[PDB]
Amino acid sequence: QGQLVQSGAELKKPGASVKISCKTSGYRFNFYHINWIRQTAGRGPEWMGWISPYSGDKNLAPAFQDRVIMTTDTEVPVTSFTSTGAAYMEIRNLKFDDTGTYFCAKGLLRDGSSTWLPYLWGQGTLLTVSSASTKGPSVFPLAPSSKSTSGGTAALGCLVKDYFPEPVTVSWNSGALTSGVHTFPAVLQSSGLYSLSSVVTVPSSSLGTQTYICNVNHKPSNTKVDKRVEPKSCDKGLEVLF
Amino acid sequence: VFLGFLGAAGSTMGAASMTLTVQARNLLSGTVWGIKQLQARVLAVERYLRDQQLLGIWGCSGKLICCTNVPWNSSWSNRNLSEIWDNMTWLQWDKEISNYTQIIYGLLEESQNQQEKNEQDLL
Amino acid sequence: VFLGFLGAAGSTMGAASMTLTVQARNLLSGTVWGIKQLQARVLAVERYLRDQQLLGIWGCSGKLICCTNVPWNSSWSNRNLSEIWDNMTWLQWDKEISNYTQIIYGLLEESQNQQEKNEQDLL
Amino acid sequence: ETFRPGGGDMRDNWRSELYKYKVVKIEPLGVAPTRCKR
Amino acid sequence: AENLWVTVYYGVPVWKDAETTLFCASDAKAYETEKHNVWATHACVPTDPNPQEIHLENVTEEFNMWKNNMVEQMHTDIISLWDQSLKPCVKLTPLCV
Amino acid sequence: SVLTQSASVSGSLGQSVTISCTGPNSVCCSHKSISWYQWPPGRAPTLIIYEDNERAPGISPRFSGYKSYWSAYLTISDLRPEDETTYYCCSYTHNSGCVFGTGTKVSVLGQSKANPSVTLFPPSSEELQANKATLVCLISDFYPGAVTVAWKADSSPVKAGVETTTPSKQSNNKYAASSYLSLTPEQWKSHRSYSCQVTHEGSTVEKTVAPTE
Amino acid sequence: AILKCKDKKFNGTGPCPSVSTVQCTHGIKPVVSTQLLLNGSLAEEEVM
Ligand SMILES: *[C@@H]1O[C@H](CO)[C@@H](O[C@@H]2O[C@H](CO)[C@@H](O[C@@H]3O[C@H](CO[C@H]4O[C@H](CO[C@H]5O[C@H](CO)[C@@H](O)[C@H](O)[C@@H]5O[C@H]5O[C@H](CO)[C@@H](O)[C@H](O)[C@@H]5O)[C@@H](O)[C@H](O[C@H]5O[C@H](CO)[C@@H](O)[C@H](O)[C@@H]5O)[C@@H]4O)[C@@H](O)[C@H](O[C@H]4O[C@H](CO)[C@@H](O)[C@H](O)[C@@H]4O[C@H]4O[C@H](CO)[C@@H](O)[C@H](O)[C@@H]4O[C@H]4O[C@H](CO)[C@@H](O)[C@H](O)[C@@H]4O)[C@@H]3O)[C@H](O)[C@H]2NC(C)=O)[C@H](O)[C@H]1NC(C)=O
Ligand SMILES: *[C@@H]1O[C@H](CO)[C@@H](O[C@@H]2O[C@H](CO)[C@@H](O)[C@H](O)[C@H]2NC(C)=O)[C@H](O)[C@H]1NC(C)=O
Ligand SMILES: *[C@@H]1O[C@H](CO)[C@@H](O)[C@H](O)[C@H]1NC(C)=O
Ligand SMILES: *[C@@H]1O[C@H](CO)[C@@H](O)[C@H](O)[C@H]1NC(C)=O
Ligand SMILES: *[C@@H]1O[C@H](CO)[C@@H](O)[C@H](O)[C@H]1NC(C)=O
Ligand SMILES: *[C@@H]1O[C@H](CO)[C@@H](O)[C@H](O)[C@H]1NC(C)=O
Ligand SMILES: *[C@@H]1O[C@H](CO)[C@@H](O)[C@H](O)[C@H]1NC(C)=O
């Protein structure tokens, strides 16, 4: 009945360390356990361990018995029933097969046999373990095209090409234009660089009544790009409507 | 594990119910300024006979725990057995059921008033 | 039909016995002039523990209704079952049995004192 | 910012010893469900 | 079984904020201080040598020192401690000469 | 993994369907409880069932659990279109941890077809000054999720620079994918047009842009 | 009952993490003073 948030997606070279966080709000942090579960594409979903803030007890899996440390900050009260806290995990000696998504999960109960069962979940911090360096994206504005002549509709967007590593979050008008947007999954090129595409469906009557700006945020490179998609299209099936 | 008076206030309702006899043992406890205590130790026993009279006119009389033939309505915060007795505290619970406490108190004393008259028939 | 406190005072004893829980719910109810109420709300609970102690030393304890193994004497106004419970009121009744109330009160607390000692034998 | 000494109201002197105390009433009658019936 | 029934529990850890008439306690060597009742302690109740203290784990309750009634009951008690100690004392009415 | 589920299972709308979850006795099921999670790929899962047969808070009563001494099952009566995802089980106790399973991709049969909504984009003018060229072929709103994308350079098949992404499920209970073609700034000004075929259930769909126009 | 907050840093207002319950408060000498607080409880760690 709360909310869990995780740190930004970071990139680490193998052999090094990484410390991913998980802060909580909307319940009592010391009454529930915090599991950690990871999912790579070569090993399926895999539980790692849990930890109890009130007691500090930990239980670790034999595979992660010897390379993960779990740590929990102290409880900061907010109300008589709700609080605010924090949970870290630190995995040493990274490997290629460690590339995947990592989650944090509030427990289910306080007493019983299903106490530590992961009930509430976070959002996930994708961990990429590669020797390659980080690359910034190249955002190209997609020229609008004709989707319906009789319906008076269309579709423009932005082309995020060549970036590393995942992910890339694309917004529009600082979070104002949210309907009709379709963001497609990236592709893994033979060079190892991803590249996704974003396109939003808008009517043909909207020209000098609204400003179109796509916001590509790529936090690993510390670069944000804001492109102005031109509402003048080139499709010959849509030029009949203007 | 005698935690003490109100020792299980953050413990689950299931966990706290083992202390029910530890909270009720210390519930009664055995010129001016000397009347500060008289008018207050009088208010300490009317608080007792107000609670005990509810326990009397229900199907309880005998103390601590006691069932009733009142079906629990789903609109009184529909939790489950493992969501109440293993994941909630008595303070947290009486917060959701503070609206319905007065509604419920009536049924117990009326469902019991039907049982006693029926008891006199079958004697 | 919740007629209210003493709502069935003219109703027959049979009719009034459905209200027994409505007369006993409001029987306890939860510088000078401020002592007018103190010496009077003290007299309000001694009146309660005087009645409850009779209910305790009889075979009642638990409230409202309760039987006894005392045979009813014919000289205590020999009415019939349909002459009392269908044609008389509690006020009208305790007027004929006001002479014998003290006589009767003894047997209940003595017939019960024989039952408990016999109960300890058979345990 | 400047600060100067004060007092006058004597209800402040007690608070410096009663900051960590408060008063509650015990309500021992709580209802809750379970699969029992008489 | 699957349908649930209400149950009464007497003696639960359930409290709400309220105010009641508070009284005093003051050791027993303080009563040996005597000297014709110094300050307040007379028929006041002596403190038992048991000082009971129970840590309520997991509990978190919101205090408020600036809205606390133990103050208003302590201030006005000390106010009336003053006057009760001066009622049977010598009155200086003829000392305005 | 040491805990095995059914590889796949099908079911029609308005009906029921069952999933298996078994393995050796070291993990299941004597003196071992079972859980069930609805886990869409990319998103975060949702607890459906715990302690073998008990639903989670708020879970609709259309799920139910049943465990034996060798296997445990889950029946999703009244199937919804948003149920076509992956489901995992776990074998836990009060003390130890979770031993997950292999996964059951549930395909909900008896649904309506969806024709793909494809839109091909030519390389931008800023990319022709770099100079490069990338054809962006986006497929949207098709069911089931399995299309094939073939490229052609002036009505002749292409085998170089072709790449198409996996069919991914959207939030409107349809699937989506994307295909890209990497070409040089010379093959862009030498051929008359480029195309993007999207075969789907025998019915091939195709969109063509023209550098000459 | 009376609750005693038992942490070292509390500005007297808000939630208290380590709450304990008591029957009678600590010895509180009614010192009628102004400006300078006299013979009072000492604070813990940092001055409050
Ligand atoms: C304030 O708030 C707090 C939070 O809100 C609150 O805390 C919560 O309290 C509740 C209780 O009220 C807790 O709920 C219980 O938790 C119990 C503790 O769990 C035990 O397990 C861990 C982990 O054990 C693994 O890891 C360690 C390594 O660290 C190994 O040593 C172990 O062997 C084991 O590892 C194995 O497996 C791994 C593979 O995964 C391998 O890698 C490894 O090599 C091993 O093979 C222990 O470490 C714990 O120890 C701690 O506790 C002891 C005190 O007991 C301390 O001394 C110690 O220092 C640690 O602090 C701990 O022992 C659960 O056991 C418990 O579940 C039982 O109880 C419920 C009812 O309570 C039953 O319904 C349930 O069936 C369970 O019953 C079993 O256990 C009881 C108790 O012993 C037995 O009596 C019973 O018979 C049964 O045991 C038998 O049956 C089993 C049938 O399957 C069988 O399997 C058994 O083997 C046996 O035969 C319940 O979940 C909750 O977790 C707290 N924390 C929260 C909510 O965050 C606090 O109380 C509040 N306080 C107040 C005052 O309100
Ligand atoms: C004045 O302050 C001193 C602090 O040094 C108090 O002396 C301490 O009193 C406490 C208990 O009252 C003891 O635990 C300490 O050991 C004492 N300190 C030393 C150095 O012995 C003294 O009691 C205070 N006087 C008052 C408040 O009247
Ligand atoms: C249960 O509560 C609802 C209100 O949410 C009420 O309408 C209904 O009558 C209640 N049940 C009974 C048996 O009175
Ligand atoms: C109790 O009722 C009040 C209004 O009377 C409402 O604001 C509150 O939400 C209710 N409490 C719960 C727990 O539903
Ligand atoms: C019944 O009452 C009469 C008086 O009218 C009395 O003599 C008699 O002894 C009583 N019965 C018993 C059993 O005492
Ligand atoms: C009760 O006794 C008195 C005398 O003590 C007598 O006058 C009266 O008639 C008696 N009452 C009844 C109802 O017989
Ligand atoms: C409540 O718990 C029981 C336990 O037997 C379970 O069968 C039932 O499905 C649960 N109900 C809900 C709504 O979770």
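Here the structure is shown first, and the text comes after it.
Participant: Sorry if this is basic, but what is going on with the overall build of chain E here?
Facilitator: Within chain E, the secondary structure is distributed over two helices and four strands. For chain E, the C-alpha radius of gyration of 23 Å lies well beyond 13 Å, the compact-globule estimate for 97 residues. Taking the principal axes of its C-alpha atoms as reference, chain E extends roughly 90 × 30 × 25 Å. Considering chain E as a whole, with its 97 residues, one finds that 33% of them fall into the buried category. In chain E, 6 positive and 14 negative side-chain charges are present, and the distance between their average locations comes to 16 Å.

Participant: So what exactly am I meant to see when it comes to the interface of chain A and chain F here?
Facilitator: By a widely used convention, the size of an interface equals the accessible area lost when the partners come together. In this complex, chain A contributes 39 residues to the contact, which on the side of chain F involves 41 residues. Summed over both partners, the interface of chain A with chain F buries about 3300 Å², with 66% contributed by carbon and sulfur atoms. Together, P45, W116 and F184 of chain A form the three largest contributors to the area buried by chain A at its contact with chain F, with a combined 17%. Run the count over chain A and chain F and you get two salt bridges. Among the ionic pairs, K161 of chain A bridges to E127 of chain F, the shortest N-O distance being 2.6 Å. At the boundary of chain A with chain F, the tally comes to 10 residue pairs in polar contact. Residues belonging to the side of chain A that touches chain F are distributed by class as follows: 24 nonpolar, 10 polar and five charged.

Participant: What's the story with the site of ligand 1 in this structure? I'm lost.
Facilitator: The full set close to ligand 1 counts 22 residues, and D111 and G112 of chain A, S11 of chain B, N58 of chain E together with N95 of chain F are the nearest of them. If ligand 1 stood free it would expose 2000 Å²; the protein chains cover 44% of that surface. With three residues, strand β6 (residues 58–60) of chain A is the largest single contributor of residues to the shell around ligand 1. In terms of residue class, the shell around ligand 1 is built from five nonpolar, 13 polar and four charged.

Participant: Which parts of the structure should I look at to understand the pattern of salt bridges?
Facilitator: A side chain of one charge can pair with a side chain of the opposite charge if their charged atoms are brought near each other. Per the counting criterion, the structure on display carries 29 salt bridges over all chains. Here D77 of chain E makes a salt bridge to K36 of chain B, at a shortest N to O gap of 3.6 Å. Here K36 of chain B lies in the loop between α2 (20–25) and α3 (38–57) and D77 of chain E lies in helix α2 (residues 69–84), a pairing that spans two chains. In this structure, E53 of chain E engages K6 of chain G in a salt bridge whose closest nitrogen and oxygen atoms are separated by 3.7 Å. Here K6 of chain G lies in the loop between β1 (2–5) and β2 (13–16) and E53 of chain E lies in strand β3 (residues 53–55), a pairing that spans two chains. Given a relative accessible area of 35%, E53 of chain E falls into the partly exposed group.

Participant: Hey, could you run me through the arrangement of the chains in this one?
Facilitator: The closest approach of any C-alpha atom in chain C to one in chain E is 13 Å; the two make no contact. Across the gap from chain C to chain F, with no contact made, the nearest C-alpha atoms are 39 Å apart.

Participant: I would appreciate a short explanation of a nonpolar patch on the surface in the present structure.
Facilitator: A contiguous nonpolar surface patch, about 430 Å² in accessible area, is contributed by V38, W39, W82 and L86 of chain E. As for its position among the elements, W39 of chain E is in the loop between α1 (29–32) and β3.

Participant: Is there a simple way to think about the side chain of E127 of chain F in this case?
Facilitator: By the element assignment, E127 of chain F lies in the loop between β13 (117–121) and β14 (134–142). Reaching out from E127 of chain F, the side chain makes a polar contact with the side chain of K161 of chain A at a distance of 2.6 Å. There is a polar contact of 3.2 Å between the side chain of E127 of chain F and the side chain of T134 of chain F. Among residues more than four places away in sequence, those in contact with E127 of chain F are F140, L159 and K161 of chain A together with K132, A133 and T134 of chain F.

Participant: Explain helix α1 (residues 11–18) of chain D to me, please; I cannot follow it from the model alone.
Facilitator: Think of an α-helix as 3.6 residues a turn; residues three or four steps apart then line up on the same face. Buried residues of α1 of chain D: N13, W14, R15, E17 and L18 of chain D, and no others. Of the surrounding secondary structure, the elements contacted by the buried residues of α1 of chain D are β1 (21–26) of chain D together with α2 of chain E.

Participant: Looking at this model, I keep getting lost on the sheet that holds strand β19 (residues 223–228) of chain A. Mind explaining?
Facilitator: Strands in a sheet are paired, the pairing made by backbone hydrogen bonds, and the direction either parallel or antiparallel. Residue and element names in this part refer to chain A. Spatially, the three strands line up as an open sheet ordered β15-β18-β19, and their pairing is antiparallel. Only two strands of the sheet have a single partner each, and these edge strands are β15 (169–172) and β19. Across the sheet, the mean angle from the axis of one strand to that of its neighbour is 20 degrees, orientation sign disregarded. By the bridge criterion, four bridges tie β15 to strand β18 (residues 213–218) in an arrangement that is antiparallel. Within β18, the residue paired with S171 across the bridge is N215.

Participant: Would you take a moment to explain the packing of aromatic side chains for this structure?
Facilitator: Here the distance between the centres and the angle between the planes together describe a pair of aromatic rings. All names here are of chain C. For the structure shown, the criterion picks out 26 aromatic pairs over all chains. Taken together, a centroid distance of 5.4 Å and an interplanar angle of 45 degrees make the contact between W58 and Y105 tilted. Residue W58 is located in the loop between α3 (38–57) and α4 (81–84), and its partner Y105 is located in helix α6 (residues 101–121); the two are separated by 47 residues in the primary sequence. Exposure remark for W58: the relative accessible area of 14% places this residue in the buried category.

Participant: Please explain the site of ligand 7 as it appears in this structure.
Facilitator: Looking at ligand 7, the residues that line it are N80 of chain B together with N53, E54 and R55 of chain F. Of the chains in the model, those with residues near ligand 7 are chains B and F. The contact in question runs from an oxygen atom of ligand 7 to an N or O atom on the side chain of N80 of chain B, over 2.4 Å. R55 of chain F is positioned with one of its backbone polar atoms (N or O) 3.2 Å from an oxygen atom of ligand 7. For ligand 7, whose unbound accessible area comes to 360 Å², protein coverage reaches 61%. Looking at the shell around ligand 7 residue by residue, the class counts come to no nonpolar, two polar and two charged.

Participant: Would you mind showing me how to read the state of the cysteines here?
Facilitator: Joining two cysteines, a disulfide is a covalent bond between their sulfur atoms. All names here are of chain B. A complete count under the given rule lists 11 disulfides over all chains for this structure. One disulfide bridge connects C60 with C66, the sulfur atoms lying 2.0 Å from each other. The sign of the S-S torsion, about -75 degrees, decides the handedness of the disulfide formed by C60 and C66: left-handed. Residue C60 is classed as buried on the basis of its relative accessible area of 11%. Residue classification places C66 among the buried residues on the basis of a relative accessible area of 11%.

Participant: Hey, could you run me through the pairing of β13 of chain F in this one?
Facilitator: The side chains of a regular strand alternate between the sheet's two faces. Residue and element names in this part refer to chain F. Among the five residues of β13, four are classified as buried, and the element is accordingly described as predominantly covered. Alignment of β13 against β14, held across five bridges, turns out to be antiparallel. Residue pairing in the sheet places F121 in a bridge with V136 of β14.

Participant: Help me understand the packing of α3 of chain B against α3 of chain C in this model?
Facilitator: Between two packed helices, the angle of one axis relative to the other and the distance separating the axes together describe the packing. Contact geometry for α3 of chain B and α3 of chain C: axes closest at 12 Å, N-to-C directions at 35 degrees. Note that α3 of chain B runs across α3 of chain C; the crossing there is left-handed. Contact residues: α3 of chain B offers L38, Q39, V42, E46, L49 and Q53 of chain B, while α3 of chain C offers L38, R41, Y48 and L49 of chain C. Classifying every residue of the contact of α3 of chain B with α3 of chain C by side-chain character gives six nonpolar, two polar and two charged.

Participant: Even after reading the chapter, I still don't get the packing of α1 of chain D against α2 of chain E, so can you show me in this structure?
Facilitator: Following both chains from N to C, one finds α1 of chain D and α2 of chain E inclined at 130 degrees, their axes separated by 9 Å at the closest point. It follows from the interaxial angle that α1 of chain D and α2 of chain E lie oblique. The two elements α1 of chain D and α2 of chain E cross, and the hand of that crossing is right-handed. For the pair α1 of chain D and α2 of chain E, the contacting residues are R11, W14, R15 and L18 of chain D in the first and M70, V71, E72, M74, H75 and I78 of chain E in the second. Its residues placed into classes, the contact of α1 of chain D with α2 of chain E shows six nonpolar, one polar and three charged.

Participant: How do you make sense of α6 of chain C when you look at a structure like this?
Facilitator: Residues and elements named next belong to chain C. With 21 residues, α6 ought to run about 30 Å at 1.5 Å a step, and its terminal C-alpha atoms sit 32 Å apart, in line with that. Listing the buried residues of α6 in full gives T101, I104, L108 and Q112. Buried residues of α6, seen end-on, are gathered within an arc of 70 degrees and therefore sit on one face of the element. Residues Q102, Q114, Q120 and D121 are exposed on α6 and point more than 90 degrees away from its buried face. On the buried face of α6, the contacting elements are α3 and α5 (90–96).

Participant: What should I look at first to understand the sheet that holds strand β3 (residues 18–19) of chain F in this one?
Facilitator: All names here are of chain F. If you walk across this open sheet you meet the three strands as β3-β9-β8, and the pairing is antiparallel. Two strands lie at the open edges of the sheet, namely β3 and β8 (63–67), each paired on one side alone. Pairing analysis gives five bridges linking β8 to strand β9 (residues 72–76), with the strands arranged antiparallel. Residue pairing across strands places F63 opposite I76, the latter belonging to β9.

Conventions adopted
- Residues numbered from 1 in each chain as written, not as in the entry; some residues may be left out.
- Chains lettered and ligands numbered in written order.
- Part of a larger assembly, values for the part shown.
- Heavy atoms only, no water.
- Helix = DSSP H or I, 4+ residues; strand = E, 2+ residues; numbered from the N terminus.
- Rg over C-alpha atoms; globule rule 2.2 N^0.38 Å.
- Buried < 20%, exposed > 50% of the residue type's maximum accessible area, 1.4 Å probe, protein only.
- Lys, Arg positive; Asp, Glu negative; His and termini not counted.
- Charge placed at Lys NZ, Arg CZ, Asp CG, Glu CD.
- Contact = heavy atoms within 4.5 Å.
- Buried area = accessible area lost by both parts, 1.4 Å probe.
- Salt bridge = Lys/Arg side-chain N within 4 Å of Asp/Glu carboxyl O.
- Polar contact = N/O pair within 3.5 Å; in protein donor to acceptor, adjacent residues only side chain to side chain.
- Nonpolar A, V, L, I, M, F, W, Y, C, P; charged D, E, K, R; others polar.
- Near = heavy atom within 4 Å.
- Areas by Shrake-Rupley, 256 points an atom, 1.4 Å probe, with all protein chains shown as cover.
- Patch = residues over 30% accessible without salt bridge, like charges linked within 9 Å, V, L, I, M, F, W, Y side chains within 5 Å.
- Pairing = 2+ DSSP bridges.
- Axes fitted to C-alpha atoms, helices over the stretch in contact; angles between N-to-C directions.
- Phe/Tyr/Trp six-rings, centres within 6.5 Å; stacked < 30°, edge-to-face > 60°.
- Disulfide = S-S within 2.5 Å.
- Left-handed = near helix turned anticlockwise from the far one by under 90°.
- Parallel < 35°, antiparallel > 145°, perpendicular 65-115°, else oblique.
- Expected span 1.5 Å × (residues − 1).
- Arc of directions from axis to C-beta.

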